[PDB]
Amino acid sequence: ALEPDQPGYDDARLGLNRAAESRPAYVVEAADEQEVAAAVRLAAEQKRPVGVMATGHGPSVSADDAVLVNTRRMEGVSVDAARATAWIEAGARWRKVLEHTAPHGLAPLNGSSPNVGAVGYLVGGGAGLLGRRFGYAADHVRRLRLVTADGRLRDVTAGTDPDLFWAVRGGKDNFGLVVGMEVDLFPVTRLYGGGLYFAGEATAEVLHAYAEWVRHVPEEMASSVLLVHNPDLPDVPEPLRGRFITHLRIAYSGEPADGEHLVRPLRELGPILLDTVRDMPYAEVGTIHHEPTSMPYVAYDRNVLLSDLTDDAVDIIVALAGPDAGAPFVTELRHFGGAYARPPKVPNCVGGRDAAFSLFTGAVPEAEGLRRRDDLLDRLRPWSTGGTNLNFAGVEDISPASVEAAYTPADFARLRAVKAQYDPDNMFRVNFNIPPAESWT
């Protein structure tokens, strides 16, 4: 339990995304599950809130005055090739999970970025490059080991505590900290994917075709569109530097033949500054988004879920987020539907299953820039479900009403009840917080 101004406090308290500028009263760099339970026990004695950080990818509330458990040293993974499952400790990032599953020819339902904490991602739902085919990562869990608000370790399956197994798979840490989880693995060894990086002048054309194209693709095709002003930086090749880029991401988990057939029409649009679409070992999946996770940064994230992508919706995005807009934020359009739209084998509380698309924005916190982001998301409200994707929400989305928007009204009702039952003092509240039901007080 490091305290402020002790050696390595800052090390253990600060994550990748610093937008929640937070100062925990103590930080425990847990080495194992016992240290996690001990940290939680301590906090319960001191009537203190408890938060958990594996990477700092997903900030929400300030950890001021809280105990923060840093799980980054708990990076254990083990694979059961026979049963096609992996055991993943609290702090294991997907890159490490992939190291272990690839030798067997197995893939988890990981996301766009290998740097991301597998557990935090999963308990938000977890929308990746196999998701349109298989669903949310939270829909494919065998069991959980959990530190509950009394500081007890508990093994949990759909069998032993339905309520808790349901709530944790989409509820983040609101019901306890996950020390390890057992996930189903899938026989995926290769992807046909990469990017079509179009010049700015093509943005309207591309987004219009994309809106149509997505209506015909199978569930094996995950795809998204990034719109970004790229700086003149050496970290990207010369065709992408210092200009507006519309980047179409492909991730087809079937045969390259099929993928290429689907993709080929998109090439008739242009000009294409760079084309990386290719057959790759699934291990290389993190090259499709190639998201920078080396330096810490501050970013204000916000997203809305779209019931549909229409011409007029496209035109708003072109106008407020395309080349001439001069928007100082990145915009990403991610395709959902498919398996995401169908109820999971084993129920969970993951919301937004009716969404066709996620529309995401990432912004340096600066008032002119945040205004334009606001204007863009407001102008899309008519094509919006009212929902937000929880894993793509940011530090501005911390109020109870903002968190409610991540769940269906019924799921949230039930979640409030379960929360009262498993976290009566609302100890896990350094998070996208589900408040205890008022009826349970």
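Just count from 1 along the sequence shown to find any residue number.
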| item | value |
| --- | --- |
| Between the two ranges 88 to 96 and 364 to 372, the one averaging a larger CA B factor in the entry | 364 to 372 |
| Greater mean Cα temperature factor according to the PDB record, 289 to 297 or 174 to 182 | 289 to 297 |
| Selection by C-alpha B-factor (highest) of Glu238, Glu332, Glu260, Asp80 | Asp80 |
| Selection by C-alpha B-factor (highest) of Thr148, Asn303, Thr246, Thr71 | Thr148 |
| Third of the chain, ranked by Cα B-factor, where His229 sits | middle |
| Where the record places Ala30 (Cα B-factor, split into thirds across the chain) | highest |
| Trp213 CA temperature factor, ranked by third within the chain | middle |
| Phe428 - which third its CA temperature factor falls in, relative to the rest of the chain | lowest |
| Third of chain Cα B-factors occupied by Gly195 | lowest |
